[PDB]
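Student: This is the structure I have questions about; it appears just below.
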Amino acid sequence: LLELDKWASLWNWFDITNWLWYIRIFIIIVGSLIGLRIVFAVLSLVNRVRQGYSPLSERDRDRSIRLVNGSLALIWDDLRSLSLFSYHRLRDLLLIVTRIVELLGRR
Amino acid sequence: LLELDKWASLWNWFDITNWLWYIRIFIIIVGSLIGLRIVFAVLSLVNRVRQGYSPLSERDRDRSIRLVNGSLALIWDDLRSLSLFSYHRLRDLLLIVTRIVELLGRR
Amino acid sequence: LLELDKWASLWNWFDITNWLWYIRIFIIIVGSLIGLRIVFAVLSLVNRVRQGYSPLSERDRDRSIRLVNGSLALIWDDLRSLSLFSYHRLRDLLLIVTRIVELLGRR
Numbered sequence: 660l661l662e663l664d665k666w667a668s669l670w671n672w673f674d675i676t677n678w679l680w681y682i683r684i685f686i687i688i689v690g691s692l693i694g695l696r697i698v699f700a701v702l703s704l705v706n707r708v709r710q711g712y713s714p715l716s739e740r741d742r743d744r745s746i747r748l749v750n751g752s753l754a755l756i757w758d759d760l761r762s763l764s765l766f767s768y769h770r771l772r773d774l775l776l777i778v779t780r781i782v783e784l785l786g787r788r
Numbered sequence: 660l661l662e663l664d665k666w667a668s669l670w671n672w673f674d675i676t677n678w679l680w681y682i683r684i685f686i687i688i689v690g691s692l693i694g695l696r697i698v699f700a701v702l703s704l705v706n707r708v709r710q711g712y713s714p715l716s739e740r741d742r743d744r745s746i747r748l749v750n751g752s753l754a755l756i757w758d759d760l761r762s763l764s765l766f767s768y769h770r771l772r773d774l775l776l777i778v779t780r781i782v783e784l785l786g787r788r
Numbered sequence: 660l661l662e663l664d665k666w667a668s669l670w671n672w673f674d675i676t677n678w679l680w681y682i683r684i685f686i687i688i689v690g691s692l693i694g695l696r697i698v699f700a701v702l703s704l705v706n707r708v709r710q711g712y713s714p715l716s739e740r741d742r743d744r745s746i747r748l749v750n751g752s753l754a755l756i757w758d759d760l761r762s763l764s765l766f767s768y769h770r771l772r773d774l775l776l777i778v779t780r781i782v783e784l785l786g787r788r
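Protein chains in written order, with PDB author numbering: chain B, 660 to 716, 739 to 788; chain A, 660 to 716, 739 to 788; chain C, 660 to 716, 739 to 788.
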């Protein structure tokens, strides 16, 4: 039950040892799919429009297809609002941004 | 420290050995745990309608709840946009989506 | 080759042993890592209003920054309608969700 002679015996099997050992590398590989999941957030945006946002329980699909290219515009939605054309403007936006929280702070 | 006698001796514990010798299978189970999140994406859809569209700080509650069952319909939402009725028509839809780049590429 | 004197030899390295022996705890941490991703669903809701939803290929952003504080309100849409201040009221929701199935059934 577990020993130097036992571990070294696995290399002679050339069958179970692959699964038994490759599992260690497989652990890190498993961790990989989780990071993959963040793209789904992008998929939900496409999914919302592509099939229908409100409870679906189909002509709008032709128009929904623009969301394909929408990946580019989507990143721009956040960037164009903060700075708008020039980046120096972002600094200006940064000051008002702090000012807006003060206004909404008290209902 | 650590040997045939040490590993076998641990069996006398009858408590730690279970958690220590079952985590290995549990590692693969973690992979199952993360794949569970994929269904969670439907929850966001429910949450978006059930939260009141844009954060606003309602009959929609009764209808939004049945989105519970709507999860079944949600999988169908994608199937209905892509194929429509039969699983043959979808071959054509696959073509128009790729074709859309051509239509949207001009001008 | 795995042995009493072999395992204890790793501590002398004071380098690889940390990475080699800390991955085991890290596997459990990965479990924490996958659950971390769920908050992104919350971010997506924020993003929906903040960047837009329908294929978006100056006045709009000042209002959207209101959503900054809106994060607090965002969690309240679900909590207030679902439970309504006290938990005793949540029991009403508990019964309402079951009966609600009867209503969407016919549609």
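Using N, Cα and C, we set each Cβ at its ideal position, and we do this for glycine too.
Mind pulling the chain A residues with CB within less than 9 Å of residue 765(C)?
Tutor: Along the third sequence, one-based indexing puts residue 765(C) at 84. Chain A residues near residue 765(C): none, gap ~11 Å exceeds 9 Å.
Student: Rounded to whole angstroms, what's the CA-CA distance from residue 661(A) to residue 762(A)? Just pull it up for me.
Tutor: Position 2 of the second sequence, counting from 1, holds the residue named residue 661(A). Position 81 of the second sequence, counting from 1, holds the residue named residue 762(A). Residue 661(A) and residue 762(A): Cα-Cα distance of roughly 60 Å.
Student: In angstroms, rounded to a whole number, what distance separates the CA positions of residue 759(C) and residue 771(B)?
Tutor: The count along the third sequence starts at 1 and reaches residue 759(C) at position 78. The count along the first sequence starts at 1 and reaches residue 771(B) at position 90. C-alpha separation (whole angstroms): 34 Å.
Student: Is the CB of residue 750(A) under 9 Å away from at least one CB in chain C?
Tutor: Residue mapping note: residue 750(A) aligns to position 69 of the second sequence, counting from 1. It does; some Cβ of chain C falls within 9 Å.
Student: Taking the alpha-carbon positions, what's the residue 752(A) to residue 691(B) distance?
Tutor: The count along the second sequence starts at 1 and reaches residue 752(A) at position 71. The count along the first sequence starts at 1 and reaches residue 691(B) at position 32. Spanning the two alpha carbons is a distance of roughly 27 Å.
Student: DSSP three-state call for residue 699(B): helix, strand or coil?
Tutor: Position 40 of the first sequence, counting from 1, holds the residue named residue 699(B). In this structure, residue 699(B) counts as helix in the three-state DSSP scheme.
Student: Let me see if you follow: with CB-CB separation under 9 Å, is residue 703(A) close to chain C or not?
Tutor: For the purposes of this step, residue 703(A) is identified with residue 44 of the second sequence, where counting begins at 1. At least one chain C Cβ lies under 9 Å of residue 703(A).
Student: Just checking: is the beta-carbon of residue 713(A) within a distance shorter than 9 Å of some beta-carbon in chain C?
Tutor: Here residue 713(A) is taken as the residue at index 54 of the second sequence, counted from 1. True, the Cβ-Cβ gap to chain C drops below 9 Å.
Student: Under 7 Å Cβ-Cβ, which residues of chain B neighbour residue 698(A)?
Tutor: The residue labelled residue 698(A) in the question sits at position 39 within the second sequence. In chain order: nothing, as chain B lies at least about 11 Å away.
Student: Check this for me: beta carbons of residue 686(B) and residue 781(C), under 9 Å apart or not?
Tutor: Looking up residue 686(B) in the first sequence gives position 27. Looking up residue 781(C) in the third sequence gives position 100. Taking 9 Å as the Cβ cut-off, residue 686(B) and residue 781(C) do not qualify as a contacting pair.
Student: Taking 9 Å as the cut-off, decide whether the C-beta atoms of residue 667(B) and residue 700(C) are in contact.
Tutor: Within the first sequence, residue 667(B) is the residue found at index 8, counting from 1. Within the third sequence, residue 700(C) is the residue found at index 41, counting from 1. Cβ distance not < 9 Å, so residue 667(B) and residue 700(C) don't count as in contact.
Student: Along chain C, which residues have their Cβ under 7 Å away from the Cβ of residue 781(A)?
Tutor: In the second sequence, residue 781(A) corresponds to position 100, counting from 1. Chain C residues near residue 781(A): none, gap ~12 Å exceeds 7 Å.
Student: Between residue 784(C) and residue 747(A), how many whole angstroms is the CB-CB distance? I'm expecting something under 8 Å.
Tutor: For the purposes of this step, residue 784(C) is taken as the residue at position 103 of the third sequence. For the purposes of this step, residue 747(A) is taken as the residue at position 66 of the second sequence. The pair is a contact, with the Cβ atoms about 7 Å apart (cut-off 8 Å).
Student: How big is the Cα-Cα spacing for residue 689(B) and residue 697(C)?
Tutor: Walking along the first sequence from the start, residue 689(B) turns up at place 30. Walking along the third sequence from the start, residue 697(C) turns up at place 38. C-alpha separation (whole angstroms): 18 Å.
Student: Assuming residue 671(A) is part of the alpha helix (DSSP H), what are its boundary residues?
Tutor: The residue given as residue 671(A) occupies position 12 in the second sequence. Careful: residue 671(A) lies outside any alpha helix (DSSP H) and carries neither H nor E.
Student: Can you tell me whether DSSP reads residue 761(C) as helix, strand or coil?
Tutor: Stepping through the third sequence from its first residue, residue 761(C) is reached at position 80. Residue 761(C): helix per DSSP, three-state reduction.
Student: Return helix, strand or coil for residue 766(A), following the three-state DSSP convention.
Tutor: Position 85 of the second sequence holds residue 766(A). Of the three classes helix, strand and coil, the one that applies to residue 766(A) here is coil, per DSSP.
Student: Under the assumption that residue 704(C) contacts residue 710(A) (Cβ atoms under 8 Å), give the Cβ distance between them as a whole number of angstroms.
Tutor: Mapped onto the third sequence, residue 704(C) falls at position 45. Mapped onto the second sequence, residue 710(A) falls at position 51. About 7 Å; that satisfies the 8 Å criterion.
Student: Could one say the Cβ of residue 743(C) lies closer than 9 Å to chain B's Cβ atoms, at least one of them?
Tutor: The sequence position of residue 743(C) within the third sequence is 62, counting from 1. Yes - at least one Cβ of chain B is within 9 Å of the one on residue 743(C).
Student: At a Cβ threshold of 9 Å, is residue 666(B) touching chain C?
Tutor: Translated into positions along the first sequence, residue 666(B) becomes position 7. Judged by the 9 Å Cβ criterion, residue 666(B) is in contact with chain C.
Student: Tell whether a beta-carbon distance below 9 Å holds between residue 708(C) and residue 745(A).
Tutor: Reading the third sequence from its first residue, position 49 is the one you call residue 708(C). Reading the second sequence from its first residue, position 64 is the one you call residue 745(A). Their beta carbons are not under 9 Å apart, which means residue 708(C) does not touch residue 745(A) by this criterion.
Student: Nearest by alpha-carbon distance to residue 706(C): which of 693(B), 715(B), 749(B), 755(B) is it?
Tutor: Translated into positions along the third sequence, residue 706(C) becomes position 47. The residue with the shortest Cα to Cα distance from residue 706(C) is 755(B).
Student: Counting only beta-carbon separations shorter than 9 Å, does residue 746(A) have a partner in chain C?
Tutor: The sequence position of residue 746(A) within the second sequence is 65, counting from 1. True, the Cβ-Cβ gap to chain C drops below 9 Å.
Student: I need the boundaries of the alpha helix (DSSP H) containing residue 678(A), first residue and last residue.
Tutor: Against the second sequence, residue 678(A) aligns to sequence position 19. Here the alpha helix (DSSP H) through residue 678(A) covers 675-679.
Student: For residue 687(A), which of helix, strand or coil comes out of DSSP?
Tutor: The count along the second sequence starts at 1 and reaches residue 687(A) at position 28. Here residue 687(A) sits in helix by DSSP.
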